[PDB]
$ cat upload34.txt   # compact mmCIF, C-alpha atoms (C1' of nucleotides) and all ligand atoms
# COMPACT_ATOMS: atom_id res chain seq x y z
CA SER A 1 -6.78 -9.36 -13.07
CA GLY A 2 -6.14 -9.16 -16.84
CA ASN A 3 -2.59 -7.90 -17.52
CA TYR A 4 -2.58 -5.59 -14.44
CA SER A 5 0.51 -7.12 -12.83
CA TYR A 6 3.37 -5.20 -11.23
CA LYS A 7 6.20 -5.42 -8.77
CA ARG A 8 5.78 -1.82 -7.53
CA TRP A 9 2.46 -0.91 -5.89
CA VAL A 10 0.89 1.67 -3.63
CA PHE A 11 -1.88 0.67 -1.24
CA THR A 12 -4.27 2.15 1.31
CA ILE A 13 -6.23 0.27 3.96
CA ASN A 14 -8.89 2.45 5.56
CA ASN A 15 -10.13 1.52 9.04
CA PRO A 16 -7.71 -1.42 9.27
CA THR A 17 -8.91 -4.36 11.33
CA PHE A 18 -6.70 -6.53 13.50
CA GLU A 19 -6.64 -9.05 10.65
CA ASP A 20 -5.53 -6.33 8.20
CA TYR A 21 -2.54 -5.53 10.43
CA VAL A 22 -1.67 -9.24 10.71
CA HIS A 23 -1.75 -9.72 6.94
CA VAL A 24 0.38 -6.61 6.34
CA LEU A 25 2.94 -7.68 8.98
CA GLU A 26 3.10 -11.22 7.65
CA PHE A 27 3.48 -10.11 4.02
CA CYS A 28 5.89 -7.16 4.38
CA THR A 29 9.03 -9.24 4.83
CA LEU A 30 12.29 -9.60 2.94
CA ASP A 31 10.90 -12.89 1.60
CA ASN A 32 8.45 -10.90 -0.51
CA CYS A 33 9.88 -7.39 -0.76
CA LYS A 34 12.98 -5.57 -1.90
CA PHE A 35 11.50 -2.56 -0.10
CA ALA A 36 8.25 -1.97 1.75
CA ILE A 37 7.05 0.88 3.92
CA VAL A 38 3.67 1.14 5.68
CA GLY A 39 2.62 4.12 7.81
CA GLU A 40 -0.31 4.36 10.20
CA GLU A 41 -2.01 7.65 9.36
CA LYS A 42 -5.03 9.91 9.68
CA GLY A 43 -6.09 12.54 7.16
CA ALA A 44 -8.35 15.55 7.59
CA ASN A 45 -11.38 13.33 8.29
CA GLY A 46 -9.55 11.46 11.02
CA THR A 47 -10.08 8.10 9.33
CA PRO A 48 -7.25 5.81 10.47
CA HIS A 49 -5.57 4.08 7.57
CA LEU A 50 -2.45 2.24 6.51
CA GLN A 51 -0.47 4.10 3.83
CA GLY A 52 1.75 1.63 2.02
CA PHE A 53 4.25 1.07 -0.75
CA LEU A 54 5.64 -2.25 -1.97
CA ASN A 55 8.57 -3.03 -4.24
CA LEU A 56 8.04 -6.78 -4.59
CA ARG A 57 10.61 -9.37 -5.60
CA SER A 58 8.07 -10.98 -7.97
CA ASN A 59 5.19 -9.61 -10.03
CA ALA A 60 1.80 -9.85 -8.37
CA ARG A 61 -1.62 -9.53 -9.92
CA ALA A 62 -4.08 -7.35 -8.02
CA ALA A 63 -6.23 -10.27 -6.84
CA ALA A 64 -3.22 -12.07 -5.39
CA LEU A 65 -1.86 -8.94 -3.74
CA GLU A 66 -5.34 -8.15 -2.41
CA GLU A 67 -5.44 -11.58 -0.74
CA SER A 68 -1.94 -11.14 0.69
CA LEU A 69 -2.86 -7.80 2.29
CA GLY A 70 -6.13 -8.95 3.90
CA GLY A 71 -8.73 -8.21 1.23
CA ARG A 72 -9.66 -4.62 2.18
CA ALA A 73 -6.96 -2.61 0.37
CA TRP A 74 -7.16 -0.03 -2.35
CA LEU A 75 -4.30 -0.87 -4.74
CA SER A 76 -2.69 0.75 -7.74
CA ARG A 77 0.54 0.50 -9.69
CA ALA A 78 3.21 2.81 -8.30
CA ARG A 79 4.02 5.86 -10.43
CA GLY A 80 6.58 7.53 -8.16
CA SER A 81 10.03 6.34 -7.17
CA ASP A 82 10.86 4.17 -4.17
CA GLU A 83 12.31 7.24 -2.45
CA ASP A 84 9.18 9.30 -3.22
CA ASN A 85 7.17 6.59 -1.48
CA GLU A 86 9.59 6.20 1.41
CA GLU A 87 9.12 9.86 2.26
CA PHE A 88 5.37 9.87 1.67
CA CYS A 89 4.60 6.79 3.78
CA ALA A 90 6.87 7.90 6.64
CA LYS A 91 5.39 11.40 6.92
CA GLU A 92 3.29 10.74 10.05
CA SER A 93 6.10 9.00 11.96
CA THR A 94 4.46 5.66 12.89
CA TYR A 95 5.63 3.17 10.31
CA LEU A 96 7.18 -0.19 9.43
CA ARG A 97 10.05 -0.31 6.92
CA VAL A 98 11.64 -3.36 5.29
CA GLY A 99 14.67 -3.25 3.05
CA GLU A 100 15.91 -0.13 1.28
CA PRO A 101 14.55 1.88 -1.67
CA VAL A 102 15.70 0.62 -5.07
CA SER A 103 16.77 3.21 -7.63
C1' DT B 1 -6.70 -4.02 -11.04
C1' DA B 2 -9.39 -4.88 -5.86
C1' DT B 3 -11.04 -2.16 -2.78
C1' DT B 4 -12.21 1.21 1.19
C1' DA B 5 -12.46 5.39 1.15
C1' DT B 6 -11.08 11.36 0.68
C1' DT B 7 -6.94 8.12 1.64
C1' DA B 8 -3.88 6.84 -2.46
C1' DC B 9 3.12 7.76 -4.37
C1' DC B 10 4.47 10.69 -9.74
CA CA C 1 6.58 -2.83 -11.58
CA CA C 2 -10.15 -8.44 13.00
MN MN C 3 -2.50 8.91 4.39
$ encode --input "upload34.txt" --output "structure tokens"
Amino acid sequence: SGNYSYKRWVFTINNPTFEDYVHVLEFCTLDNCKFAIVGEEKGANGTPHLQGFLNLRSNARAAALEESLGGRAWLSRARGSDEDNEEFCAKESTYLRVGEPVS
DNA sequence: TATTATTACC
């Protein structure tokens, strides 16, 4: 993963499988996260997807985070604030939330 | 980065 290692990440999982949901539920806990929010969403195409943000307690490299989330996620370092992500990932009103946004 | 996709924060 080179030096691409962060605590704060965005992720998307398109067409989540049952196993994707299990990995996300098992990982998005206070053990691992200061704050996490994951919304179940559909865009204009109607493709169901998980829309997620993680503020992790420890740095993760992409390969490790990929494994933790089930292996099918698009990942990138977060550029907005925790609150920006809390609003964005809650916008379709079917979501899981762990912890509180960190300023 | 790793990865499935038009979804992806600022
Ligand atoms: Ca970080
Ligand atoms: Ca499955
Ligand atoms: Mn979305």
$ interface_residues --input "upload34.txt" --of "chain A" --to "chain B" --cutoff "7 Å" --atoms "only C-alpha atoms (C1' of nucleotides)" --output "list in words"
residues 1, 4, 10, 11, 12, 13, 14, 62, 63, 66, 72, 73, 74, 75, 78, 79, 80, 84, 85 and 88 of chain A
$ residues_near_ligand --input "upload34.txt" --ligand "ligand CA 1 (chain C)" --cutoff "8 Å" --atoms "all atoms listed in the file" --output "PDB file with C-alpha atoms, in the frame of the given file"
ATOM      1  CA  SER A   5       0.510  -7.120 -12.830  1.00  0.00           C
ATOM      2  CA  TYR A   6       3.370  -5.200 -11.230  1.00  0.00           C
ATOM      3  CA  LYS A   7       6.200  -5.420  -8.770  1.00  0.00           C
ATOM      4  CA  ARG A   8       5.780  -1.820  -7.530  1.00  0.00           C
ATOM      5  CA  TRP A   9       2.460  -0.910  -5.890  1.00  0.00           C
ATOM      6  CA  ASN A  55       8.570  -3.030  -4.240  1.00  0.00           C
ATOM      7  CA  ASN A  59       5.190  -9.610 -10.030  1.00  0.00           C
ATOM      8  CA  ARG A  77       0.540   0.500  -9.690  1.00  0.00           C
ATOM      9  CA  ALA A  78       3.210   2.810  -8.300  1.00  0.00           C
TER      10      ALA A  78
END
$ residues_near_ligand --input "upload34.txt" --ligand "ligand CA 2 (chain C)" --cutoff "10 Å" --atoms "all atoms listed in the file" --output "mmCIF file with C-alpha atoms, keeping the file's coordinate frame"
data_model
loop_
_atom_site.group_PDB
_atom_site.id
_atom_site.type_symbol
_atom_site.label_atom_id
_atom_site.label_comp_id
_atom_site.auth_asym_id
_atom_site.auth_seq_id
_atom_site.Cartn_x
_atom_site.Cartn_y
_atom_site.Cartn_z
ATOM 1 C CA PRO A 16 -7.710 -1.420 9.270
ATOM 2 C CA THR A 17 -8.910 -4.360 11.330
ATOM 3 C CA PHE A 18 -6.700 -6.530 13.500
ATOM 4 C CA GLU A 19 -6.640 -9.050 10.650
ATOM 5 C CA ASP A 20 -5.530 -6.330 8.200
ATOM 6 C CA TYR A 21 -2.540 -5.530 10.430
ATOM 7 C CA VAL A 22 -1.670 -9.240 10.710
ATOM 8 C CA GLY A 70 -6.130 -8.950 3.900
#
$ residues_near_ligand --input "upload34.txt" --ligand "ligand MN 3 (chain C)" --cutoff "8 Å" --atoms "all atoms listed in the file" --output "ChimeraX atom specification"
/A:12,39-43,49-51,89 /B:7-8
$ write_last_selection --input "upload34.txt" --atoms "C-alpha atoms (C1' of nucleotides)" --output "mmCIF file, in the frame of the given file"
data_model
loop_
_atom_site.group_PDB
_atom_site.id
_atom_site.type_symbol
_atom_site.label_atom_id
_atom_site.label_comp_id
_atom_site.auth_asym_id
_atom_site.auth_seq_id
_atom_site.Cartn_x
_atom_site.Cartn_y
_atom_site.Cartn_z
ATOM 1 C CA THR A 12 -4.270 2.150 1.310
ATOM 2 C CA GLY A 39 2.620 4.120 7.810
ATOM 3 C CA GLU A 40 -0.310 4.360 10.200
ATOM 4 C CA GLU A 41 -2.010 7.650 9.360
ATOM 5 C CA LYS A 42 -5.030 9.910 9.680
ATOM 6 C CA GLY A 43 -6.090 12.540 7.160
ATOM 7 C CA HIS A 49 -5.570 4.080 7.570
ATOM 8 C CA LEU A 50 -2.450 2.240 6.510
ATOM 9 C CA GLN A 51 -0.470 4.100 3.830
ATOM 10 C CA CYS A 89 4.600 6.790 3.780
ATOM 11 C "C1'" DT B 7 -6.940 8.120 1.640
ATOM 12 C "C1'" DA B 8 -3.880 6.840 -2.460
#
$ axis_aligned_box --input "upload34.txt" --around "segment 3-8 of chain B" --padding-each-side "6 Å" --output "lines of an AutoDock Vina configuration file"
center_x = -8.2
center_y = 4.6
center_z = -0.6
size_x = 20.6
size_y = 25.5
size_z = 16.4
$ atom_distance --input "upload34.txt" --atom1 "atom CA of residue 27 of chain A" --atom2 "atom CA of residue 87 of chain A"
20.8 Å
$ build_atoms --input "upload34.txt" --residues "segment 22-57 of chain A" --atoms "N, CA and C atoms" --output "CSV table (one decimal), in the frame of the given file"
chain,number,residue,atom,x,y,z
A,22,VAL,N,-2.4,-8.0,10.7
A,22,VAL,CA,-1.7,-9.2,10.7
A,22,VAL,C,-1.2,-9.6,9.3
A,23,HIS,N,-2.1,-9.4,8.3
A,23,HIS,CA,-1.8,-9.7,6.9
A,23,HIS,C,-0.6,-8.8,6.4
A,24,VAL,N,-0.7,-7.5,6.8
A,24,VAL,CA,0.4,-6.6,6.3
A,24,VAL,C,1.7,-7.0,7.0
A,25,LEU,N,1.7,-7.2,8.3
A,25,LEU,CA,2.9,-7.7,9.0
A,25,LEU,C,3.5,-9.0,8.4
A,26,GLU,N,2.6,-9.9,8.1
A,26,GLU,CA,3.1,-11.2,7.6
A,26,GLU,C,3.6,-11.1,6.2
A,27,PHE,N,3.1,-10.2,5.4
A,27,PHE,CA,3.5,-10.1,4.0
A,27,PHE,C,4.7,-9.2,3.8
A,28,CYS,N,4.8,-8.2,4.6
A,28,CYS,CA,5.9,-7.2,4.4
A,28,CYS,C,7.2,-7.7,5.0
A,29,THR,N,7.8,-8.6,4.4
A,29,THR,CA,9.0,-9.2,4.8
A,29,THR,C,10.0,-9.2,3.7
A,30,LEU,N,11.3,-9.5,4.0
A,30,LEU,CA,12.3,-9.6,2.9
A,30,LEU,C,12.0,-10.8,2.0
A,31,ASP,N,11.3,-11.8,2.5
A,31,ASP,CA,10.9,-12.9,1.6
A,31,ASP,C,10.2,-12.3,0.4
A,32,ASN,N,9.3,-11.4,0.6
A,32,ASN,CA,8.4,-10.9,-0.5
A,32,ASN,C,8.9,-9.6,-1.1
A,33,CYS,N,9.7,-8.8,-0.4
A,33,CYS,CA,9.9,-7.4,-0.8
A,33,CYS,C,11.4,-7.0,-0.8
A,34,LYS,N,11.7,-6.3,-1.9
A,34,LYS,CA,13.0,-5.6,-1.9
A,34,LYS,C,12.9,-4.4,-1.0
A,35,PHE,N,11.8,-3.7,-1.0
A,35,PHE,CA,11.5,-2.6,-0.1
A,35,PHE,C,10.0,-2.5,0.2
A,36,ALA,N,9.6,-2.2,1.4
A,36,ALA,CA,8.2,-2.0,1.8
A,36,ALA,C,8.2,-0.9,2.9
A,37,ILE,N,7.2,-0.1,2.8
A,37,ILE,CA,7.0,0.9,3.9
A,37,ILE,C,5.5,1.1,4.1
A,38,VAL,N,5.1,1.0,5.4
A,38,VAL,CA,3.7,1.1,5.7
A,38,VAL,C,3.5,2.0,6.9
A,39,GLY,N,2.9,3.2,6.7
A,39,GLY,CA,2.6,4.1,7.8
A,39,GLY,C,1.2,4.1,8.3
A,40,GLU,N,1.0,4.2,9.6
A,40,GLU,CA,-0.3,4.4,10.2
A,40,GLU,C,-0.6,5.9,10.2
A,41,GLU,N,-1.7,6.2,9.6
A,41,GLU,CA,-2.0,7.6,9.4
A,41,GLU,C,-3.5,8.0,9.6
A,42,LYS,N,-3.7,9.3,9.7
A,42,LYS,CA,-5.0,9.9,9.7
A,42,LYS,C,-5.0,11.1,8.8
A,43,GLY,N,-6.0,11.3,7.9
A,43,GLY,CA,-6.1,12.5,7.2
A,43,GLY,C,-7.0,13.5,7.8
A,44,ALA,N,-7.5,14.5,7.0
A,44,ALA,CA,-8.4,15.6,7.6
A,44,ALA,C,-9.6,15.0,8.2
A,45,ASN,N,-10.2,13.9,7.7
A,45,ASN,CA,-11.4,13.3,8.3
A,45,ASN,C,-11.1,12.6,9.6
A,46,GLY,N,-9.8,12.3,9.9
A,46,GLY,CA,-9.6,11.5,11.0
A,46,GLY,C,-9.8,10.0,10.8
A,47,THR,N,-9.9,9.5,9.6
A,47,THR,CA,-10.1,8.1,9.3
A,47,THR,C,-8.7,7.4,9.4
A,48,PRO,N,-8.5,6.5,10.4
A,48,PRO,CA,-7.2,5.8,10.5
A,48,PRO,C,-7.1,4.9,9.3
A,49,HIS,N,-5.8,4.9,8.8
A,49,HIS,CA,-5.6,4.1,7.6
A,49,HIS,C,-4.1,3.7,7.5
A,50,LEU,N,-3.8,2.6,6.8
A,50,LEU,CA,-2.4,2.2,6.5
A,50,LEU,C,-2.1,2.8,5.1
A,51,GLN,N,-1.0,3.4,5.0
A,51,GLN,CA,-0.5,4.1,3.8
A,51,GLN,C,0.8,3.4,3.4
A,52,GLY,N,0.7,2.6,2.3
A,52,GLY,CA,1.8,1.6,2.0
A,52,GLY,C,2.3,1.7,0.6
A,53,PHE,N,3.6,1.2,0.5
A,53,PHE,CA,4.2,1.1,-0.8
A,53,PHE,C,5.0,-0.2,-0.7
A,54,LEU,N,5.0,-1.0,-1.8
A,54,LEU,CA,5.6,-2.2,-2.0
A,54,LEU,C,6.5,-2.2,-3.2
A,55,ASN,N,7.7,-2.6,-3.1
A,55,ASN,CA,8.6,-3.0,-4.2
A,55,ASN,C,8.8,-4.5,-4.1
A,56,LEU,N,8.0,-5.3,-4.8
A,56,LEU,CA,8.0,-6.8,-4.6
A,56,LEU,C,9.2,-7.4,-5.4
A,57,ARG,N,9.6,-8.6,-4.9
A,57,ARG,CA,10.6,-9.4,-5.6
A,57,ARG,C,10.0,-10.0,-6.9
